[PDB]
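We begin with a single chain expressed as structure tokens, specifically the form deposited in one PDB entry.
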């Protein structure tokens, strides 16, 4: 029996609404927009429903406040969060969003425990780890969207320097989705050409590369300070959809995301940004980049950053 693909979006704010919009536009799946706030998901679902005929999609998009409606969901995308943008650090939402995810975990565990779960809620890496422990879902079926967003920014900034199509830039950001984030310059290439060659050719300087690395790391504030009323939401939505595509279409796509890293990068069992292979069984493998001694040290510092915020959460009131 052919059953329609089904994606549950938990939290129908800025990011949640865009996800439903894009999923519906692509006819990737039916969408269930869940929110505790009255009217909002229903209003967005009705609005998006009207656009479906315009896009030529037969996707159904509905709004709900009832976890029963997410039963049979193939993918669950968690965007739920307490109000207000972070001032200086994504960790400011730690305590509130952890409690939200406790509730979301009970909903998923009861109504769709076989779903592939993509966490978006900040602070991403710690939230992903929290959700996995509380929900009890397999490690390979729970991950966090971050790397795709960070790497896309990294790739975009490199592409903007050289004036080329960003799709032809290969570039990875790894580690935690925070200031300790590691854009791995060593394995950057533009159509096969490494950055070291472009330096010799006089087309880019090491200082320009450092500026691009810094830009990647602080990119979230650049967007947030301009929007004023919140953080980025167009690209993070698109990124979550790319991850859902990889699972639903069994792409074996290489996806940088927050995944349970057990026998790679010198860590013994932690959720952090790593290049994964995603397919019909969720996170199916992790790829090991060729890191320089400096990059290994920077990754080490990112890991400490993650563990620090995680311990703070473990000692929450």
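Definition used throughout: the rigid core is the maximal C-alpha set that superposes within 1.5 Å between two forms. Numbering follows the first chain given and starts at 1.
Between 288-296 and 274-282, greater CA displacement relative to the shown form is found for 288-296 when the structures in 4 other deposited structures of this protein are fitted on the core. Once the rigid core is used to overlay the structures in 4 other deposited structures of this protein, the stretch among 174-182 and 209-217 whose CA atoms lie farther from this form is 174-182. Of the two segments, 141-149 and 108-116, the one listed with the higher mean B-factor is 108-116 (C-alpha atoms only). On average the C-alpha atoms of 257-265 have higher B-factors than those of the other stretch, with 270-278 and 257-265 being the two compared.
Among all modelled residues in its chain, residue 161 ranks in the middle third by Cα B-factor.
Ranked by Cα temperature factor within the chain, residue 236 sits in the lowest third according to the deposited record. Per-chain ranking of the deposited C-alpha B factor places residue 242 in the lowest third. Among the modelled residues of its chain, residue 205 has a C-alpha B-factor that falls in the middle third, as given in the PDB entry. Sort the modelled residues of the chain by CA B factor and residue 65 lands in the middle third.
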